[PDB]
Amino acid sequence: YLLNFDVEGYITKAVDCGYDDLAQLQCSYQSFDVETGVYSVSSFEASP
Amino acid sequence: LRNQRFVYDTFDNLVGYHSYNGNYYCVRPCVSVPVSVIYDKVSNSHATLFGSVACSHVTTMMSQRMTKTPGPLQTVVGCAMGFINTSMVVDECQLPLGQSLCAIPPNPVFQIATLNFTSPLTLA
Amino acid sequence: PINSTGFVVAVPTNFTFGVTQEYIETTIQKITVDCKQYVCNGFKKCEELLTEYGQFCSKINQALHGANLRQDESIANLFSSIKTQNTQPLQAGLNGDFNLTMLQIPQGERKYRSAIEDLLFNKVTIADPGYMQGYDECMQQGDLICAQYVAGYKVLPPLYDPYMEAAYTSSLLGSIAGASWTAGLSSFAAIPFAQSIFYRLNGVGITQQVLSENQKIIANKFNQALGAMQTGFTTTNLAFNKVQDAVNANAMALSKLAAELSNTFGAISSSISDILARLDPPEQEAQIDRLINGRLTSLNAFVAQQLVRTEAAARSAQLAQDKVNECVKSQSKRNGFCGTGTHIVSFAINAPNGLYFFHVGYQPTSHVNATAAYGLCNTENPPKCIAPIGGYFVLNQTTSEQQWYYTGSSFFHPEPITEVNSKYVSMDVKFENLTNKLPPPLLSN
Amino acid sequence: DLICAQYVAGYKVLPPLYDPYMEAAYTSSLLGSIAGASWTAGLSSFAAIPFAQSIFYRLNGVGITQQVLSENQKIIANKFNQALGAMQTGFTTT
Amino acid sequence: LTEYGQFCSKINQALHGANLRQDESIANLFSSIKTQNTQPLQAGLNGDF
Amino acid sequence: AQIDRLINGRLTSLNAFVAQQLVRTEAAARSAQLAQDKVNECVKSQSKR
Amino acid sequence: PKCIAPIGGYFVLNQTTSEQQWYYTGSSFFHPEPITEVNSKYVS
Ligand SMILES: *[C@@H]1O[C@H](CO)[C@@H](O[C@@H]2O[C@H](CO)[C@@H](O[C@@H]3O[C@H](CO[C@H]4O[C@H](CO)[C@@H](O)[C@H](O[C@H]5O[C@H](CO)[C@@H](O)[C@H](O)[C@@H]5O[C@H]5O[C@H](CO)[C@@H](O)[C@H](O)[C@@H]5O)[C@@H]4O)[C@@H](O)[C@H](O[C@H]4O[C@H](CO)[C@@H](O)[C@H](O)[C@@H]4O[C@@H]4O[C@H](CO)[C@@H](O)[C@H](O)[C@H]4NC(C)=O)[C@@H]3O)[C@H](O)[C@H]2NC(C)=O)[C@H](O)[C@H]1NC(C)=O
Ligand SMILES: *[C@@H]1O[C@H](CO)[C@@H](O[C@@H]2O[C@H](CO)[C@@H](O)[C@H](O)[C@H]2NC(C)=O)[C@H](O)[C@H]1NC(C)=O
Ligand SMILES: *[C@@H]1O[C@H](CO)[C@@H](O[C@@H]2O[C@H](CO)[C@@H](O)[C@H](O)[C@H]2NC(C)=O)[C@H](O)[C@H]1NC(C)=O
Ligand SMILES: *[C@@H]1O[C@H](CO)[C@@H](O[C@@H]2O[C@H](CO)[C@@H](O)[C@H](O)[C@H]2NC(C)=O)[C@H](O)[C@H]1NC(C)=O
Ligand SMILES: *[C@@H]1O[C@H](CO)[C@@H](O[C@@H]2O[C@H](CO)[C@@H](O)[C@H](O)[C@H]2NC(C)=O)[C@H](O)[C@H]1NC(C)=O
Ligand SMILES: *[C@@H]1O[C@H](CO)[C@@H](O[C@@H]2O[C@H](CO)[C@@H](O)[C@H](O)[C@H]2NC(C)=O)[C@H](O)[C@H]1NC(C)=O
Ligand SMILES: *[C@@H]1O[C@H](CO)[C@@H](O[C@@H]2O[C@H](CO)[C@@H](O)[C@H](O)[C@H]2NC(C)=O)[C@H](O)[C@H]1NC(C)=O
Ligand SMILES: *[C@@H]1O[C@H](CO)[C@@H](O)[C@H](O)[C@H]1NC(C)=O
């Protein structure tokens, strides 16, 4: 999960990293605010 | 050689196998498809491009969380999701996709357009 | 030098057109790496250990993304002049007596390469990256290109497709012909190619009479020089060697990336599946940690190398822009910058990873030793003195009162001295003092 | 030390492509290409104008008129010789 | 070391390529000797220079 | 195991040396081009720049 | 024959579209002016 803490220490919002591709981009940058662009993200998982 | 049963490459990785059913199988390590994300901050929307993948394989692999309204679209750089083909034409853009393609964000689905530059003055 | 008055000068009596070839790189191949797939090859146990190194993989990915972004900006800057360059349409084949067929796109789907570009690309072995559907093609198993999907790196397509590159090189071919005598850069004259060439020749010292007498000969020599570029791409030539070197640097980067996955780094194996099969905790995790640390250090080295190469390519692209502006879109007066000999005209074509130039130069083949004068004066009470304009005052010999003539500095052809080819100057003791056979500018009557 | 360490550590310094006599040939080629004409357009002809005359043509082209040059020949040569002679003593830390 | 055989060869080949490229670059610089017209100078004084 | 430590360390160090030499060689080739330009502009002619 | 060529400009007709009245203009801004020895030179 990506967690945002306020000044008092509470968790105010979060991102589930494995929900979709945008959530993965946000978790990679450790940020809720990403710049406009074209990014490469984690490939589709291949398991036996 | 079939009687040696295993075929290897120069790094001593297995690349082939002779089965007792009589067939020969090429062997490859498990592969993963590339994924790219097109994001527009102003509208807070996104789309995806599977580079080098035909739309059929990605259609199947999804059945194997959200990725798994327009259908997938084939471009010269791979299969695109969340995009409408626009016969549109531009001379500048923010989100290039390679091979003279770029993505037009929605003014608050994405549009695919081409890049074409024109000479200012032609004099015979 | 001669001990007498005046000086000796070697002036050409015959000439050929020489071609100097030069290759200038403008890009490298763009690579992105999925750090987690490269390091852990899709094994859950390795990935659990890697989470304690989570910051470093993201930094690797972001560095590569920045470098590719900077190259895209640099290549966009080079191509942007298409939108601001006035052009004049050429004729198919012969322009006057000049044959430009090899440099033009032949006139189903339209072609995007000239004949000479086709000949150059056919002599270079380049692997197909498969931008459209290469994943399925590699699925049809039967190397470095197919290793993308195993090792976890991806070759990204370039910003512009080949039809845009053909548009650029056609914009260059349409900006050659034009005026020569004008100061600024604001006007655009639609002077045909042959007339432009003859203006360029007149400006390097070949007089109008010589040009009118040798029109067809000059065109034939030019056509002969153009026709021989076809058969030149070989091991001997430095520019073609540079083309192959650029291709090889691109291939070597990928091969070194893939080979590092076979390094054991002192573990019992380079394969995680073998390590999981043969050992148990806690010895198992120490062995995997060796591979994790080794592969991360190796990726750091790869990223540093790619940054360096990208910066160098951007500098080289700036040099290519300078060469286009100085040698292709105008005639150069700089010694040695636009080929060898006296520069006449240059053409630019596409090549793998950059631009390929043909610099056409005026090259003398035989000379005559001519006897020359620094200047000429009469013997009036206040003397009147003249000096040549763009040429020499010479005697009409190929070996007292003497009959002085004028010649252009690039081809020996004595002509009468007139106010067209001479100017008035201050007196100098080196000048010849003339009593008889004064040229008209020196006549007191 | 670093030279003799080649054979211990297992690296080798390779000789350069050309010997010093070829380098001297190059720098003598440069010294023989200075003198020449100034008023001509192209690059196809070669005039055998002595060095001193070439220098005086170069001075006239940057705005020193012929009368001044004729009145100051020896002074100009002496100033030039003084400037050349001081390169000898300059190689230093500064 | 034989289990690291590929890496030593790559090191040697990289160095060989770099030295080859420098040899080509230095040859290109010196080549103008063959195309440069020259005039002989005088020993010592040329005029008063 | 002790010898393997030396093997791995020395191979990584040689990789670094090779990268540095590549960089220096490329820079020297660029500098040689600049020298050729200076010869052509300042030695073989008079400069107006 | 005696022949002339422009200096830093063009010999043009005074139109924005036999015996013709030729003028001179500077190459960076269209403004026809009379042809004189200030803006022309003798050539072969
Ligand atoms: C505004 O800008 C846009 C963007 O620039 C312009 O749109 C482009 O317009 C061109 C011209 O119409 C389009 O070109 C066609 O594209 C077809 C599809 O190509 C894809 O699929 C191919 C497989 O089906 C695939 O091979 C191809 O990729 C290869 O080639 C491209 C370059 O074309 C490379 O970049 C790729 O890397 C890749 O290269 C590898 O393969 C090459 C071929 O072997 C090698 O040379 C290379 O080294 C690599 O190994 C791509 O993914 C394509 O089928 C069309 O091909 C025909 O035309 C070309 C050019 O003349 C010929 O070379 C071909 O042989 C083929 O010829 C004949 O075509 C006619 C008509 O189709 C057909 O009847 C006949 O049977 C064919 N016969 C023969 C002899 O083969 C062609 O390349 C391009 O796709 C558009 N791009 C878009 C839409 O994004 C737009 O026009 C501009 N608008 C204006 C007004 O100017
Ligand atoms: C967008 O749509 C146009 C049609 O409106 C597609 O263009 C056609 O593509 C085929 C296959 O290459 C050609 O045979 C036709 O001649 C094209 N028509 C026109 C009008 O150009 C175009 O390829 C689409 N772009 C995509 C799918 O990205
Ligand atoms: C300029 O050089 C060319 C090439 O050497 C000369 O052309 C040749 O002249 C001889 C006769 O002297 C013919 O037999 C050849 O067939 C010519 N070769 C061609 C035309 O390619 C040409 O005569 C020279 N011009 C001079 C000396 O004024
Ligand atoms: C201009 O030069 C080109 C070659 O550079 C000539 O074209 C070739 O002509 C031969 C003989 O007809 C053909 O076999 C080749 O296939 C042609 N090559 C092409 C078309 O690329 C062309 O004929 C010359 N033009 C003239 C009028 O001299
Ligand atoms: C310069 O000298 C040459 C001879 O060295 C003259 O050439 C001859 O001119 C006559 C008259 O036109 C011709 O009939 C001859 O055939 C020419 N001979 C050659 C070898 O070309 C030339 O006319 C002289 N130029 C002058 C006086 O301006
Ligand atoms: C042309 O004639 C003038 C004299 O009218 C010569 O001038 C003399 O040149 C010598 C050097 O050669 C000087 O020492 C004298 O002072 C000069 N006299 C004057 C009055 O200036 C000149 O040298 C002659 N040029 C030649 C023969 O090339
Ligand atoms: C060139 O032609 C223009 C017309 O196209 C002339 O302009 C006119 O000149 C007269 C006399 O000065 C003015 O009264 C008009 O107002 C001008 N018209 C315009 C539209 O400016 C111009 O004088 C001509 N130049 C010449 C003959 O040198
Ligand atoms: C000049 O001629 C070109 C065609 O060569 C035409 O496109 C352009 O509109 C013309 N300009 C004017 C001012 O009429």
# chains A, B, ... in the order shown; residues from 1 in each chain; ligands from 1

$ residues_around --residues "stretch 262-279 of chain C" --least-positions-apart "5" --cutoff "12 Å" --atoms "only C-alpha atoms" --output "ChimeraX atom specification"
/B:10-14,29 /C:38-47,151,255-257,284-298 /E:1,3-7 /F:1-9,11-12

$ write_last_selection --atoms "N, CA and C atoms" --output "compact mmCIF listing (two decimals), in the first residue's frame"
# COMPACT_ATOMS: atom_id res chain seq x y z
N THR B 10 25.14 -21.67 -25.48
CA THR B 10 26.51 -21.38 -25.08
C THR B 10 26.64 -20.99 -23.61
N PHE B 11 25.56 -20.57 -22.97
CA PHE B 11 25.56 -20.26 -21.55
C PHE B 11 25.13 -21.43 -20.69
N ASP B 12 25.03 -22.63 -21.27
CA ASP B 12 24.60 -23.83 -20.56
C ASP B 12 23.19 -23.68 -20.00
N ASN B 13 22.32 -23.01 -20.75
CA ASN B 13 20.89 -22.99 -20.47
C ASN B 13 20.17 -23.95 -21.41
N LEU B 14 19.19 -24.68 -20.88
CA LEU B 14 18.42 -25.61 -21.69
C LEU B 14 17.59 -24.87 -22.73
N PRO B 29 12.68 -19.56 -21.29
CA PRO B 29 12.26 -19.14 -19.95
C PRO B 29 10.94 -18.38 -20.00
N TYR C 38 14.32 -8.12 -13.87
CA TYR C 38 15.72 -8.40 -14.17
C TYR C 38 16.41 -9.08 -12.99
N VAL C 39 16.17 -8.59 -11.78
CA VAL C 39 16.88 -9.10 -10.60
C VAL C 39 16.33 -10.45 -10.14
N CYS C 40 15.00 -10.58 -10.03
CA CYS C 40 14.42 -11.76 -9.40
C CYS C 40 13.79 -12.76 -10.37
N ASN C 41 13.73 -12.45 -11.67
CA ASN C 41 13.26 -13.37 -12.72
C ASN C 41 11.91 -14.02 -12.40
N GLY C 42 11.07 -13.35 -11.61
CA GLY C 42 9.73 -13.84 -11.33
C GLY C 42 9.57 -14.88 -10.24
N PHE C 43 10.52 -15.00 -9.31
CA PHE C 43 10.43 -15.96 -8.21
C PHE C 43 10.02 -15.22 -6.94
N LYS C 44 8.96 -15.69 -6.29
CA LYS C 44 8.38 -14.96 -5.15
C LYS C 44 9.37 -14.83 -4.00
N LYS C 45 10.14 -15.88 -3.73
CA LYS C 45 11.10 -15.84 -2.62
C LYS C 45 12.14 -14.75 -2.82
N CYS C 46 12.68 -14.61 -4.04
CA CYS C 46 13.62 -13.53 -4.32
C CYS C 46 12.96 -12.17 -4.17
N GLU C 47 11.73 -12.03 -4.67
CA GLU C 47 11.04 -10.74 -4.60
C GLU C 47 10.81 -10.31 -3.16
N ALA C 151 14.86 -11.40 -20.20
CA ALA C 151 15.67 -10.69 -19.23
C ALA C 151 14.93 -9.54 -18.56
N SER C 255 23.96 -6.90 -25.37
CA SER C 255 24.59 -8.19 -25.11
C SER C 255 25.23 -8.21 -23.72
N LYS C 256 25.88 -7.12 -23.32
CA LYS C 256 26.44 -7.05 -21.98
C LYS C 256 25.35 -7.09 -20.91
N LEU C 257 24.20 -6.46 -21.19
CA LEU C 257 23.08 -6.54 -20.26
C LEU C 257 22.60 -7.97 -20.06
N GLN C 284 19.99 -20.76 2.06
CA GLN C 284 19.33 -20.43 0.81
C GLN C 284 19.27 -18.91 0.58
N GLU C 285 18.86 -18.17 1.61
CA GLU C 285 18.67 -16.72 1.47
C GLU C 285 20.00 -15.99 1.31
N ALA C 286 21.07 -16.48 1.94
CA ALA C 286 22.38 -15.85 1.74
C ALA C 286 22.84 -15.97 0.29
N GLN C 287 22.64 -17.15 -0.31
CA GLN C 287 22.99 -17.36 -1.70
C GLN C 287 22.19 -16.43 -2.61
N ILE C 288 20.88 -16.32 -2.38
CA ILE C 288 20.08 -15.43 -3.23
C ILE C 288 20.51 -13.97 -3.04
N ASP C 289 20.90 -13.60 -1.82
CA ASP C 289 21.33 -12.23 -1.57
C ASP C 289 22.57 -11.87 -2.36
N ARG C 290 23.49 -12.83 -2.54
CA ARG C 290 24.64 -12.59 -3.41
C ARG C 290 24.21 -12.16 -4.82
N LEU C 291 23.27 -12.90 -5.42
CA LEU C 291 22.76 -12.54 -6.75
C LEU C 291 22.07 -11.17 -6.75
N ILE C 292 21.27 -10.88 -5.72
CA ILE C 292 20.57 -9.60 -5.67
C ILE C 292 21.58 -8.45 -5.69
N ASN C 293 22.57 -8.49 -4.79
CA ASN C 293 23.54 -7.40 -4.70
C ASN C 293 24.34 -7.27 -6.00
N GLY C 294 24.80 -8.39 -6.56
CA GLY C 294 25.56 -8.32 -7.79
C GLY C 294 24.77 -7.69 -8.93
N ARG C 295 23.52 -8.13 -9.11
CA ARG C 295 22.71 -7.64 -10.22
C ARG C 295 22.36 -6.16 -10.05
N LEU C 296 22.12 -5.71 -8.82
CA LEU C 296 21.86 -4.28 -8.61
C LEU C 296 23.08 -3.42 -8.94
N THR C 297 24.27 -3.85 -8.51
CA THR C 297 25.47 -3.08 -8.84
C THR C 297 25.69 -3.03 -10.36
N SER C 298 25.45 -4.15 -11.04
CA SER C 298 25.59 -4.20 -12.49
C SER C 298 24.60 -3.26 -13.20
N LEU E 1 38.75 -19.44 -12.20
CA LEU E 1 38.40 -18.38 -13.14
C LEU E 1 37.70 -18.90 -14.39
N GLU E 3 35.14 -20.55 -14.83
CA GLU E 3 33.71 -20.28 -14.74
C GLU E 3 33.36 -18.82 -15.00
N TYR E 4 34.36 -17.95 -15.13
CA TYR E 4 34.16 -16.55 -15.52
C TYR E 4 34.81 -16.26 -16.87
N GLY E 5 34.91 -17.28 -17.73
CA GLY E 5 35.69 -17.14 -18.96
C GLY E 5 35.18 -16.08 -19.91
N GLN E 6 33.86 -15.89 -19.98
CA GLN E 6 33.31 -14.94 -20.93
C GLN E 6 33.71 -13.50 -20.60
N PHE E 7 33.79 -13.17 -19.31
CA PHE E 7 33.97 -11.77 -18.92
C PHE E 7 35.37 -11.24 -19.24
N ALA F 1 36.71 -20.19 -1.19
CA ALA F 1 35.85 -19.03 -0.95
C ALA F 1 36.67 -17.75 -0.85
N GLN F 2 37.81 -17.81 -0.16
CA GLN F 2 38.69 -16.66 -0.06
C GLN F 2 39.20 -16.23 -1.42
N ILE F 3 39.64 -17.18 -2.26
CA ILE F 3 40.12 -16.81 -3.58
C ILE F 3 38.99 -16.22 -4.42
N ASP F 4 37.77 -16.73 -4.25
CA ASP F 4 36.64 -16.22 -5.02
C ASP F 4 36.36 -14.76 -4.71
N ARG F 5 36.54 -14.35 -3.45
CA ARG F 5 36.42 -12.93 -3.12
C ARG F 5 37.36 -12.07 -3.97
N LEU F 6 38.64 -12.45 -4.07
CA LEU F 6 39.59 -11.72 -4.91
C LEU F 6 39.18 -11.73 -6.38
N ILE F 7 38.74 -12.88 -6.89
CA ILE F 7 38.34 -12.96 -8.30
C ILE F 7 37.23 -11.96 -8.60
N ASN F 8 36.16 -11.99 -7.80
CA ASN F 8 35.03 -11.10 -8.06
C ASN F 8 35.42 -9.63 -7.93
N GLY F 9 36.18 -9.29 -6.89
CA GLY F 9 36.60 -7.91 -6.72
C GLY F 9 37.42 -7.40 -7.90
N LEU F 11 37.58 -8.53 -11.00
CA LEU F 11 36.80 -8.41 -12.23
C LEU F 11 35.94 -7.14 -12.24
N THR F 12 35.29 -6.83 -11.11
CA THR F 12 34.50 -5.60 -11.06
C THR F 12 35.39 -4.37 -11.26

$ interface_residues --of "chain A" --to "chain B" --cutoff "10 Å" --atoms "only C-alpha atoms" --output "compact mmCIF listing (two decimals) with N, CA and C atoms, in the first residue's frame"
# COMPACT_ATOMS: atom_id res chain seq x y z
N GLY A 18 -1.59 -2.83 -6.42
CA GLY A 18 -1.94 -3.82 -7.41
C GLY A 18 -3.32 -3.71 -8.02
N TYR A 19 -4.02 -2.59 -7.83
CA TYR A 19 -5.37 -2.44 -8.35
C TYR A 19 -5.38 -2.21 -9.87
N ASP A 20 -4.59 -1.27 -10.37
CA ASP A 20 -4.49 -1.02 -11.81
C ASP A 20 -3.12 -0.40 -12.11
N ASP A 21 -2.89 -0.09 -13.39
CA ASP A 21 -1.58 0.38 -13.83
C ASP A 21 -1.24 1.75 -13.25
N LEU A 22 -2.24 2.64 -13.15
CA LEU A 22 -1.99 3.95 -12.56
C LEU A 22 -1.56 3.84 -11.10
N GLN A 24 0.02 1.37 -9.73
CA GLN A 24 1.41 0.93 -9.77
C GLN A 24 2.37 2.08 -10.08
N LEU A 25 2.01 2.96 -11.02
CA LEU A 25 2.87 4.11 -11.30
C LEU A 25 3.03 4.99 -10.07
N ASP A 33 0.98 12.47 -6.57
CA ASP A 33 0.96 13.44 -7.67
C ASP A 33 2.07 13.10 -8.66
N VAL A 34 1.68 12.67 -9.85
CA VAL A 34 2.60 12.29 -10.92
C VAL A 34 2.46 13.28 -12.06
N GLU A 35 3.56 13.56 -12.75
CA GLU A 35 3.53 14.45 -13.90
C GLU A 35 2.95 13.76 -15.13
N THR A 36 2.41 14.57 -16.05
CA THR A 36 1.94 14.05 -17.33
C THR A 36 3.10 13.40 -18.08
N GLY A 37 2.87 12.21 -18.62
CA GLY A 37 3.92 11.51 -19.33
C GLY A 37 3.51 10.12 -19.76
N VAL A 38 4.49 9.43 -20.34
CA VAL A 38 4.36 8.05 -20.80
C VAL A 38 5.43 7.24 -20.07
N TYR A 39 5.00 6.28 -19.25
CA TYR A 39 5.88 5.58 -18.32
C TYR A 39 5.82 4.08 -18.55
N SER A 40 6.94 3.40 -18.31
CA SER A 40 7.01 1.95 -18.32
C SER A 40 6.80 1.42 -16.91
N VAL A 41 5.92 0.44 -16.76
CA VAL A 41 5.60 -0.09 -15.44
C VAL A 41 5.85 -1.59 -15.40
N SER A 42 5.62 -2.19 -14.24
CA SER A 42 5.88 -3.61 -14.06
C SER A 42 5.09 -4.46 -15.05
N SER A 43 5.78 -5.43 -15.64
CA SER A 43 5.19 -6.28 -16.66
C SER A 43 4.11 -7.17 -16.06
N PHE A 44 3.26 -7.71 -16.93
CA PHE A 44 2.21 -8.63 -16.49
C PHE A 44 2.83 -9.90 -15.90
N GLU A 45 2.34 -10.31 -14.74
CA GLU A 45 2.97 -11.40 -14.00
C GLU A 45 2.79 -12.72 -14.73
N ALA A 46 3.89 -13.46 -14.89
CA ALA A 46 3.86 -14.80 -15.47
C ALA A 46 4.25 -15.80 -14.39
N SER A 47 3.29 -16.60 -13.95
CA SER A 47 3.52 -17.64 -12.97
C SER A 47 3.16 -19.00 -13.57
N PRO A 48 3.80 -20.08 -13.12
CA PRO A 48 3.55 -21.38 -13.74
C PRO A 48 2.08 -21.77 -13.68

$ residues_near_ligand --ligand "ligand 1" --cutoff "6 Å" --atoms "only C-alpha atoms and all ligand atoms" --output "PyMOL selection string"
(chain B and resi 76+100+114-116) or (chain C and resi 108-111+128+132+161-164)

$ select_by_dssp --residues "stretch 17-104 of chain B" --states "alpha helix (DSSP H)" --output "MDAnalysis selection string"
chainID B and resid 55:63

$ write_last_selection --atoms "C-alpha atoms" --output "CSV table (one decimal), in the first residue's frame"
chain,number,residue,atom,x,y,z
B,55,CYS,CA,-4.3,-7.4,-29.5
B,56,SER,CA,-5.4,-11.1,-29.4
B,57,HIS,CA,-2.7,-12.3,-27.0
B,58,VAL,CA,-3.4,-9.4,-24.5
B,59,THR,CA,-7.1,-10.2,-24.9
B,60,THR,CA,-6.4,-13.8,-23.8
B,61,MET,CA,-3.8,-13.0,-21.1
B,62,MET,CA,-6.3,-10.8,-19.2
B,63,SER,CA,-8.4,-13.8,-18.6

$ closest_residue --among "C:337, C:347, C:405, C:53" --to "chain F" --atoms "only C-alpha atoms"
C:337

$ residues_around --residues "stretch 10-17 of chain A" --least-positions-apart "4" --cutoff "10 Å" --atoms "only C-alpha atoms" --output "PyMOL selection string"
chain A and resi 1-6+21-28+31-32

$ write_last_selection --atoms "N, CA and C atoms" --output "PDB file, in the first residue's frame"
ATOM      1  N   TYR A   1       0.831  -1.193   0.000  1.00  0.00           N
ATOM      2  CA  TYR A   1       0.000   0.000   0.000  1.00  0.00           C
ATOM      3  C   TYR A   1       0.871   1.250   0.000  1.00  0.00           C
ATOM      4  N   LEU A   2       0.372   2.313  -0.625  1.00  0.00           N
ATOM      5  CA  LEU A   2       0.955   3.645  -0.500  1.00  0.00           C
ATOM      6  C   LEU A   2       0.164   4.411   0.552  1.00  0.00           C
ATOM      7  N   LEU A   3       0.855   4.926   1.563  1.00  0.00           N
ATOM      8  CA  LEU A   3       0.235   5.586   2.704  1.00  0.00           C
ATOM      9  C   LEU A   3       0.670   7.044   2.786  1.00  0.00           C
ATOM     10  N   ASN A   4      -0.291   7.937   3.016  1.00  0.00           N
ATOM     11  CA  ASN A   4      -0.031   9.357   3.239  1.00  0.00           C
ATOM     12  C   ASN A   4      -0.325   9.720   4.692  1.00  0.00           C
ATOM     13  N   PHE A   5       0.658  10.297   5.376  1.00  0.00           N
ATOM     14  CA  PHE A   5       0.528  10.684   6.776  1.00  0.00           C
ATOM     15  C   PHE A   5       0.433  12.200   6.879  1.00  0.00           C
ATOM     16  N   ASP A   6      -0.479  12.698   7.709  1.00  0.00           N
ATOM     17  CA  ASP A   6      -0.554  14.139   7.892  1.00  0.00           C
ATOM     18  C   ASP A   6       0.423  14.554   8.997  1.00  0.00           C
ATOM     19  N   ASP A  21      -2.895  -0.092 -13.390  1.00  0.00           N
ATOM     20  CA  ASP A  21      -1.579   0.377 -13.826  1.00  0.00           C
ATOM     21  C   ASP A  21      -1.245   1.753 -13.253  1.00  0.00           C
ATOM     22  N   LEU A  22      -2.236   2.637 -13.149  1.00  0.00           N
ATOM     23  CA  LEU A  22      -1.990   3.952 -12.560  1.00  0.00           C
ATOM     24  C   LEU A  22      -1.562   3.842 -11.097  1.00  0.00           C
ATOM     25  N   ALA A  23      -2.212   2.954 -10.336  1.00  0.00           N
ATOM     26  CA  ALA A  23      -1.835   2.745  -8.940  1.00  0.00           C
ATOM     27  C   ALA A  23      -0.394   2.261  -8.828  1.00  0.00           C
ATOM     28  N   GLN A  24       0.019   1.372  -9.735  1.00  0.00           N
ATOM     29  CA  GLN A  24       1.410   0.928  -9.773  1.00  0.00           C
ATOM     30  C   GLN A  24       2.369   2.077 -10.079  1.00  0.00           C
ATOM     31  N   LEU A  25       2.014   2.955 -11.021  1.00  0.00           N
ATOM     32  CA  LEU A  25       2.869   4.109 -11.301  1.00  0.00           C
ATOM     33  C   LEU A  25       3.028   4.993 -10.067  1.00  0.00           C
ATOM     34  N   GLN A  26       1.921   5.250  -9.372  1.00  0.00           N
ATOM     35  CA  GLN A  26       1.968   6.081  -8.173  1.00  0.00           C
ATOM     36  C   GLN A  26       2.833   5.448  -7.091  1.00  0.00           C
ATOM     37  N   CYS A  27       2.731   4.126  -6.917  1.00  0.00           N
ATOM     38  CA  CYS A  27       3.544   3.450  -5.908  1.00  0.00           C
ATOM     39  C   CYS A  27       5.020   3.454  -6.288  1.00  0.00           C
ATOM     40  N   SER A  28       5.327   3.330  -7.582  1.00  0.00           N
ATOM     41  CA  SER A  28       6.718   3.411  -8.025  1.00  0.00           C
ATOM     42  C   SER A  28       7.320   4.773  -7.717  1.00  0.00           C
ATOM     43  N   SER A  31       4.373   8.617  -4.660  1.00  0.00           N
ATOM     44  CA  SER A  31       3.731   9.920  -4.699  1.00  0.00           C
ATOM     45  C   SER A  31       2.294   9.775  -5.170  1.00  0.00           C
ATOM     46  N   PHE A  32       1.422  10.604  -4.614  1.00  0.00           N
ATOM     47  CA  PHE A  32       0.065  10.709  -5.122  1.00  0.00           C
ATOM     48  C   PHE A  32      -0.041  11.652  -6.318  1.00  0.00           C
TER      49      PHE A  32
END

$ residues_near_ligand --ligand "ligand 3" --cutoff "10 Å" --atoms "only C-alpha atoms and all ligand atoms" --output "JSON, numbers by chain"
{"C": [13, 14, 15, 16, 217, 220, 221, 224, 364, 365, 366]}

$ write_last_selection --atoms "C-alpha atoms" --output "mmCIF file, in the first residue's frame"
data_model
loop_
_atom_site.group_PDB
_atom_site.id
_atom_site.type_symbol
_atom_site.label_atom_id
_atom_site.label_comp_id
_atom_site.auth_asym_id
_atom_site.auth_seq_id
_atom_site.Cartn_x
_atom_site.Cartn_y
_atom_site.Cartn_z
ATOM 1 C CA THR C 13 44.514 24.152 -65.849
ATOM 2 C CA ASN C 14 42.231 21.120 -65.340
ATOM 3 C CA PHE C 15 39.915 19.955 -62.566
ATOM 4 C CA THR C 16 37.571 17.294 -61.251
ATOM 5 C CA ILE C 217 32.047 19.403 -69.591
ATOM 6 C CA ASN C 220 29.514 15.642 -67.169
ATOM 7 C CA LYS C 221 32.240 15.829 -64.516
ATOM 8 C CA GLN C 224 30.553 11.297 -62.988
ATOM 9 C CA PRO C 364 42.414 20.793 -59.500
ATOM 10 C CA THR C 365 44.339 18.106 -61.369
ATOM 11 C CA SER C 366 47.066 19.996 -63.286
#

$ residues_near_ligand --ligand "ligand 8" --cutoff "8 Å" --atoms "only C-alpha atoms and all ligand atoms" --output "list in words"
residues 121, 122, 123 and 124 of chain B; 16 and 17 of chain G

$ residues_near_ligand --ligand "ligand 6" --cutoff "7 Å" --atoms "only C-alpha atoms and all ligand atoms" --output "list in words"
residues 5, 429, 430, 431, 432 and 433 of chain C

$ atom_distance --atom1 "atom CA of residue C:423" --atom2 "atom CA of residue C:384"
10.6 Å

$ residues_near_ligand --ligand "ligand 5" --cutoff "6 Å" --atoms "only C-alpha atoms and all ligand atoms" --output "list in words"
residues 396, 414 and 415 of chain C
